[PDB]
4 protein chains.
Amino acid sequence: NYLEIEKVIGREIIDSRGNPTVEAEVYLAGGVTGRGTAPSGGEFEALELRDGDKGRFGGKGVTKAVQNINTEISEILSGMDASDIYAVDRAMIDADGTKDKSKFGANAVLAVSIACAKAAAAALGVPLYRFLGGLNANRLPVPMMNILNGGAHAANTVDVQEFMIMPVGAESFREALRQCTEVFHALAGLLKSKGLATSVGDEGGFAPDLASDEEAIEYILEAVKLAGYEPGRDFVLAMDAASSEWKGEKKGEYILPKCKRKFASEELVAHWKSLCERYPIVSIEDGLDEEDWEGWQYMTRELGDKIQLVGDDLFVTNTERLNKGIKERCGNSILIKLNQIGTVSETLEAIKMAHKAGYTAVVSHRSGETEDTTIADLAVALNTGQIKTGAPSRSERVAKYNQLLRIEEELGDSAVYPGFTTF
Amino acid sequence: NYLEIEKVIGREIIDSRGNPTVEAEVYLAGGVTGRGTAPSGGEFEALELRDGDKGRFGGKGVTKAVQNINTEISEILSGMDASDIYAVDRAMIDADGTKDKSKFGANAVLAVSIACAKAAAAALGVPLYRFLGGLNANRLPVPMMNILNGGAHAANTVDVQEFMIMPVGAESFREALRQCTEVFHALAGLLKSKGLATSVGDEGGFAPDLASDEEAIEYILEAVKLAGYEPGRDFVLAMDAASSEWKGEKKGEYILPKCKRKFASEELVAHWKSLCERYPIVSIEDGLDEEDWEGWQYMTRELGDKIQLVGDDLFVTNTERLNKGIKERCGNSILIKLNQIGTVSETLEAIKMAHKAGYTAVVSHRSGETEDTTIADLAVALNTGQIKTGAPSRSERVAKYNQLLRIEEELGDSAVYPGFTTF
Amino acid sequence: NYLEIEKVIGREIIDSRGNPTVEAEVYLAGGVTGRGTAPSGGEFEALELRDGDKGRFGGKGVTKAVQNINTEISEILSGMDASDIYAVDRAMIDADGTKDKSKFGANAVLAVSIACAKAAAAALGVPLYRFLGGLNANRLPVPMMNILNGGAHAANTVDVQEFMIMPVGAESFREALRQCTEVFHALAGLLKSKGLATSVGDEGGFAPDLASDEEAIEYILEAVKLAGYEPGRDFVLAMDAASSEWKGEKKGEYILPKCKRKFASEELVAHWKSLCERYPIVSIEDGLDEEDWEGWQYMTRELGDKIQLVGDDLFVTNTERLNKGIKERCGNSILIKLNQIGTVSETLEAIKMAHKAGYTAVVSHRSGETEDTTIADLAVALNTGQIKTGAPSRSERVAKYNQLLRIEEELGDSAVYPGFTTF
Amino acid sequence: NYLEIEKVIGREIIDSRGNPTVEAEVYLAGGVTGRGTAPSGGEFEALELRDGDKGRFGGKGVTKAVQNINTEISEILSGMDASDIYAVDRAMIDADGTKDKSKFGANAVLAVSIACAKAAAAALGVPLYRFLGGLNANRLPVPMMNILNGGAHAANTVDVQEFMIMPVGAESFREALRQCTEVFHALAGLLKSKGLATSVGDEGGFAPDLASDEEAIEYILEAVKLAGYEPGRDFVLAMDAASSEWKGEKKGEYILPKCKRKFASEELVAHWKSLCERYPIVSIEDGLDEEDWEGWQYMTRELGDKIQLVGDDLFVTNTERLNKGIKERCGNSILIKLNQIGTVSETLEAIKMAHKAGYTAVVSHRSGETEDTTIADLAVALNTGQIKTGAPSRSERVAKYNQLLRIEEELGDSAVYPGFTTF
Ligand SMILES: [Mg+2]
Ligand SMILES: [Mg+2]
Ligand SMILES: [Mg+2]
Ligand SMILES: [Mg+2]
């Protein structure tokens, strides 16, 4: 009854890129409130609902989605138990009636899903990660921090999209964060000393004019050494190839847009293997196309036992696609994007599926984020052991790391930081 | 009883630039908590306390400030009424006993001061702006958004540090903020069209390689038009010359470090005058040096009637320097930085001193900010009518804008957005 | 729930002069009540509703206003949040339908408005001044006490209406009030020694049979001296000339009704100038006619820099009139009378308008006062720094001074008494 | 326990004549507070404690008394049940040690006493009169209003000190009060037509220059008639002869300082005797000296059966003296002054004694009053049927009338207004 939902409101706020997004606030009978927001980054995912009014926000308004929260969703949810998130989510899914949340907007629906969970957690007097994962929630994730950018929207000749450091050697999340910031500032000073730009992209990382993937890797490795740390022992690398952007002439053929290098599906795999022998890269995301299933199969045989192979575009947090990958032995990890699926409970299910099949779940940010820190709690709640939420600059990134500090603090001696054992 | 402070804790979190800063949490007897943080950006201002340990965060840790909260400050404040913020602040000021808050750290002191205010507001069931400014608080501020950077650490030939748009034609903050994003994205596209860089600096704006202050201005004005808005009627401009960084051979002489142009104060002033006749510039911050008092007095005679002259370095949120300026007719506006003075109540006093004198008070962010949105509430609480808190990108900036949204919603018909009348 | 208005009731009480006025009591769901009253003394002002029945109170009954509260206004406000005084005021204003609150009666509307603020404050567990102005409220006002009377309804040859002392030398309101009482008794002892009447007028001040303004001033200056204080250092004088009572044959001409002395606007101004050079007079209310705008413009030019020129009849607490004053540079202060405008929220706006334009706002009593002490809180709430509320005798006057004592005490060290800096 | 006194504080406030007096606030464990103040006007009464510092308030400060409350009284009453007023008063009396409350100050003691009673009632959720007098309290008093002043401090030739009107014909206190105000304004008008002074003295009444007691009486009777009322039916008269100020050459002789007329004790009685035959005078206070007991005994024989003879100076609210009067059949009424006896309970006992013996008890103000309205509730709480609290002007007087309006309102149909039957 103190957990009974009284009213749900929506509002149009601005995300970290200067575009609108949806925020929801859930009010319970006891006067407790919860607040959630939808981040923003397809055909196999939930579709966020935008206004399309060219006279407002360049067509990116979300007043329609907001109106859906304020009228339909509120009426639907009023009277329900906010702690029963599965039932709340299901009421929204059934009322929406589509397969992709396109009536209400995946952004309206997620924002309310999160807001409720936060309302229930607060009403129960527990942290959100304890609400979501219970006493069994005690793993702090190893972050992969995207500190060097290439790919489609970077001003350089680097084809791979994200270059990430993972502090596998630290023994607390607090230590891992500190070290990451130290490597980050080392990289900045190094870029500066070489006359390169130290301004940042969407996820807080640098996008200097380097020659290639290899040079980017060596800049990062140098940054690591400059900060006083050892590649392999202290830091290893993860990458997001986003090779779905490298479409060649036909399936199984790849052309890097900048390098202009051409790869057979199986030669790309050979490329990844040489990169991984040369350098301490332990994870690669989207190392092949979102539909090169035959390729993924091969790559996972060839590399799966040593390298984490994360499906991002391959899976789009879709459990039918996750299942197909599991069954055909493609990938061994999945990038979890709350908003691609659209509800808290559906996300838990997706993560449960991955974990059951021995896949890791890397909880993920989007390019368009907010002050919201839900994914921090979510990663701990399900002991995912990994998170991808940006360089340690821009507070829509750093806010998640701060939340993980607080959580680690709160867990006391029960807190576990898995380091290299996390893969 | 229920407003009685039971305990104060601190923690080392990370700011928007990847450097440590202080967070405080205040716990009241009634179970309510409040959280505050210190932003980070001299000799006449309160001093932030850093650890200096090169092994941690390159010497920028704040574990000492945190230990000052956890022990000394908590013991001092326990038992005190959290709603009596003036008294809370005085207890910290007196127990510190320095002029620059260098015993506890101005960052430790500010963090606690904000956390108390937030705890008290929460315990009373009122929003922070109402706690700070009561029923009388209903003016939303006109933002000056720094979307184009020059000066110091910019990769360009522009000497002026910050070029800012102000949405003076809007009739609500919500509309003003929408328009600002629209101009933001139009500028981004303009820069892209001209092959310029659209990654961002600390405050979320672009630092493309532009040739002169004049060119920066025209790009912004072009952007305004592209967005569908008129210079003058919809948007005007504010700049931060930061002209203390233009020291000359003698006092009264200036040398722009990029331009290399030489001015005597009277000439520099005359320079500002031309710019202000050519372009819709309505405010210039630090148009002369932080000790060129005669020039300030002169400039204020020449310009103060038509242009807003903001003392940033001139005053360092210092009420002695402000008073001096007031007494000598220097400036007609002051940039208010919570952390330059170090407590909430002292900041109210600075703002009250300015207002009594007919100076405007521009509530301001620092280059290092966090998820904290206190300045949003502060701006509304004292009806300052102006806020300087960044481009509409990076959530440590945008979170403030989002908070002002929520506040405008909350005020309803009582909300006032002053636009062009705010000056 | 607990701030929700359940019921509003009105009653007919008696003011300090022995005439009826309106009292309101607001009842909230939580069990809390608030009590407010309307004081009383036009065409540009809100209009009080009197009954007109010569059978009762000589036509000055207020049972119609009281019935407006018990029925229409109670029905309208029931269910509303008493802390949203802007919304409450607005509902009343809109239901009334008139531009001057003539339907419900401005006495009815103000009474309820005050009663709600008091109810809200009490429900939130804060002093009225904290509810109105928040933490930012800490300025005790300098009183101008009307201890010697002339003008229309005084039996003496003195044309100037009010002669006031202001304790500018004191360091606390406590000290200030004490000195005021001491000068008050000294003057009485002086009048007694000269065979003059020491009975009191409406506002607690003496109306002894003196020859002229100049003599009145010299007696007060003598009282000051007798009491042990120095004119200038300790006490200065304020006057209300009420020169709208001095209308000449044509506009721009004045004839003092007793004196019979004649003036041109520009002549009357030189008269004030000399009085101010000769004596320590720092403020003059209505030094020119309520419609002699050109003369006010000129007077403000001539005297404005040295003297406070308070518009009372000039502005009638009307924002349109105050704005006209501001645009045409007439006066530099405004006498604020709650009941002339008729609601708490509109009074805040009027004061805000004044402060934004550099005018001071003197919170003021009416000739017909009650035990109510709202103006004491209002003055501290908006840090006006000045209050005009009678001689230190008669409890409808002294009650306010007593409330200021309690307020100062409650502020502890945060209390500011601006003494001479208030101007 | 919620009725337990936690803390008692005192404060120096200002009374209706501009002189300092004591206020007390009592704080109960449950968070409720009560406020009480001592009014101020001898050898047989309790002695108020003044500071005597000639450098403050002309020696009339009460900081010593206030410190007695803040330390000693507070320490003694802490932990006691505030509803047990008799015990609270006893604790204070015993701690004081003196017979006249001279150590703590009758002013400090009474202030606390009243504050507790008020706090207790609030804590119980009952009006003060119900607290004091229970369900049995429902008689509104008949007011005797001093609208014409003579005797000592008066610019006239009237020897009788107070001339009072009593609305005996009214059917409710509301009607009575209204009629009184109307007579008051008629007298003012009448007085003006005769060029006579209409400023007021301490108790809100006029002191014009009239020649004799008979004149005063006729003016009042004239006023009554002008207002539209009949002497006898609607209004009768009461008088405070204050004959103790007429000390003769020896006990039993009287000399009117103004008339210079000489009287033997028994001749004076004959004088009153005629007056009452000539005029509708139903009550005379202190018609003989405060020690002329044989006189009183005689007067009481002569007049007692037709006329109310009130002992003011005769009894000074002292039960020993009241008992003596009762035993020697002197007077048939007593003027009750709280601050003469010094506590609430002792006051109740005085009234109970008078009531026991068939005296009427007239609850009285002092010349130095405050916003406090305690005596209104006291009068109803003990169904005294009569109150003496001033002309209907000056809110230290009118506040009592207003409180009686509220009480009558709160009583609904159970309210009894006795009128003529009250004697
Ligand atoms: Mg990807
Ligand atoms: Mg600056
Ligand atoms: Mg006036
Ligand atoms: Mg007497």
Side-chain angles (χ1 to χ4, degrees), chain B residues 84 86-87, chain C residues 127 129 137-145 147 164-186 204 224 227-229 233-236 363 373 375-377 379-381 383-393 395 397-422, chain D residues 9-25 35 37-38 49-70 107-108 111 370-371:
Chain B
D84 197 347
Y86 274 89
Chain C
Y129 69 93
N138 70 335
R139 255 71 169 160
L140 275 290
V142 182
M144 51 179 58
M145 313 209 176
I147 60 175
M164 292 155 284
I165 53 168
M166 301 192 69
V168 297
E171 290 174 347
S172 59
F173 178 80
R174 182 178 168 69
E175 184 185 35
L177 171 59
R178 172 174 57 76
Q179 297 175 348
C180 284
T181 71
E182 289 174 3
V183 172
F184 178 72
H185 301 301
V224 164
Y229 302 105
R233 187 166 299 165
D234 294 320
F235 284 88
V236 297
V363 173
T373 60
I375 59 172
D377 286 76
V380 175
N383 298 302
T384 66
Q386 293 176 70
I387 192 168
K388 183 178 82 170
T389 188
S393 88
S395 282
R397 318 293 144 182
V398 173
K400 273 73 154 175
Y401 299 141
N402 284 342
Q403 176 73 347
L404 294 170
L405 291 168
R406 300 192 192 92
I407 291 175
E408 187 168 61
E409 173 183 344
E410 196 170 44
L411 289 167
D413 293 335
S414 68
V416 172
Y417 181 74
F420 185 80
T421 68
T422 205
Chain D
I9 61 90
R11 57 167 74 89
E12 172 177 63
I13 58 167
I14 306 303
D15 76 11
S16 66
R17 306 205 314 111
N19 293 312
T21 198
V22 188
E23 177 173 85
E25 230 131 72
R35 184 182 294 162
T37 62
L49 178 50
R50 301 278 176 178
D51 287 349
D53 177 351
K54 294 186 172 183
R56 274 183 102 254
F57 288 109
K60 288 171 174 195
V62 297
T63 68
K64 285 175 181 167
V66 170
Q67 213 48 34
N68 290 342
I69 299 165
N70 287 330
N107 48 351
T370 71
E371 323 92 270

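Below, read A as the first sequence line, B as the second, and so on, with proteins coming before strands; counting in each chain starts at 1. Computed over heavy atoms, backbone and side chain alike; hydrogens, waters and symmetry mates excluded.
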For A38(D), what residues pass the side-chain contact (heavy atoms from CB on, under 4.5 Å) criterion, not counting sequence neighbours?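 Applying side-chain contact (heavy atoms from CB on, under 4.5 Å) to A38(D) gives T21(D), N107(D), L110(D).
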Restricting to side-chain contact (heavy atoms from CB on, under 4.5 Å), what partner residues turn up for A170(C), sequence neighbours left out?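 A170(C) satisfies side-chain contact (heavy atoms from CB on, under 4.5 Å) with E175(C), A176(C), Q179(C), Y417(C) once adjacent residues are dropped.
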Run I165(C) and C180(C) through side chain to side chain contact (heavy atoms under 4.5 Å, CB included) and show every step you take. CA-CA 8 Å; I165(C) 53 168; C180(C) 284; 4.0 Å; yes
Test item: side-chain donor near acceptor, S414(C) and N138(C), under 3.5 Å: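 There is no such pair (donor and acceptor under 3.5 Å, judged by atom type) between the side chains of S414(C) and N138(C).
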[Y] backbone acceptor or donor facing [X] side chain under 3.5 Å:
X: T422(C); Y: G385(C); value: yes
X: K400(C); Y: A376(C); value: no
X: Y401(C); Y: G390(C); value: yes

Within the 4.5 Å heavy-atom criterion, are [X] and [Y] side-chain neighbours or not?
X: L411(C); Y: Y129(C); answer: yes
X: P418(C); Y: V142(C); answer: yes
X: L49(D); Y: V62(D); answer: no
X: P141(C); Y: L404(C); answer: yes
X: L405(C); Y: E23(D); answer: no
X: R35(D); Y: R406(C); answer: yes
X: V224(C); Y: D234(C); answer: no
X: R50(D); Y: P20(D); answer: yes

Atom [atom1] of [X] and atom [atom2] of [Y]: how far apart are they, to the nearest 0.5 Å?
X: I9(D); Y: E25(D); atom1: CD1; atom2: CD; result: 4.5 Å
X: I407(C); Y: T373(C); atom1: CD1; atom2: OG1; result: 7.0 Å
X: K60(D); Y: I14(D); atom1: NZ; atom2: CD1; result: 11.5 Å
X: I13(D); Y: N19(D); atom1: CD1; atom2: CG; result: 12.0 Å
X: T37(D); Y: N402(C); atom1: OG1; atom2: CG; result: 9.0 Å
X: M144(C); Y: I387(C); atom1: CE; atom2: CD1; result: 10.5 Å

If you take all heavy atoms of [X] and [Y], which pair is closest and at what distance?
X: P143(C); Y: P167(C); value: O-CD, 3.2 Å
X: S395(C); Y: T370(D); value: OG-CA, 3.7 Å
X: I147(C); Y: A391(C); value: CG2-CB, 4.1 Å

Counterpart residues, ring pair (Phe, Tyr, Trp, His ring centres under 6.0 Å), relative to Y229(C) (two or more places apart):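 Once residues adjacent in sequence are excluded, the partners of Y229(C) under the ring pair (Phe, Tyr, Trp, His ring centres under 6.0 Å) criterion are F235(C).
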Does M145(C) form a side chain to side chain contact (heavy atoms under 4.5 Å, CB included) with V183(C)? I'd like the steps, not just the answer. CA-CA 10 Å; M145(C) 313 209 176; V183(C) 172; over 6 Å; no
Per the salt bridge (charged side-chain N to carboxylate O under 4.0 Å, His left out) rule, what does the pair list look like for residues 408-418 of chain C, sequence neighbours excluded?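 Residue pairs with at least one partner in residues 408-418 of chain C: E409(C)-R11(D).
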In chain order, what residues pass the side-chain hydrogen bond (donor to acceptor under 3.5 Å, both in side chains) check against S393(C), with sequence neighbours excluded?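 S393(C): no side-chain hydrogen bond (donor to acceptor under 3.5 Å, both in side chains) contacts found.
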Results of side-chain hydrogen bond (donor to acceptor under 3.5 Å, both in side chains) for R174(C) - residues two or more places apart only: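 With neighbours one apart ignored, the set is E12(D).
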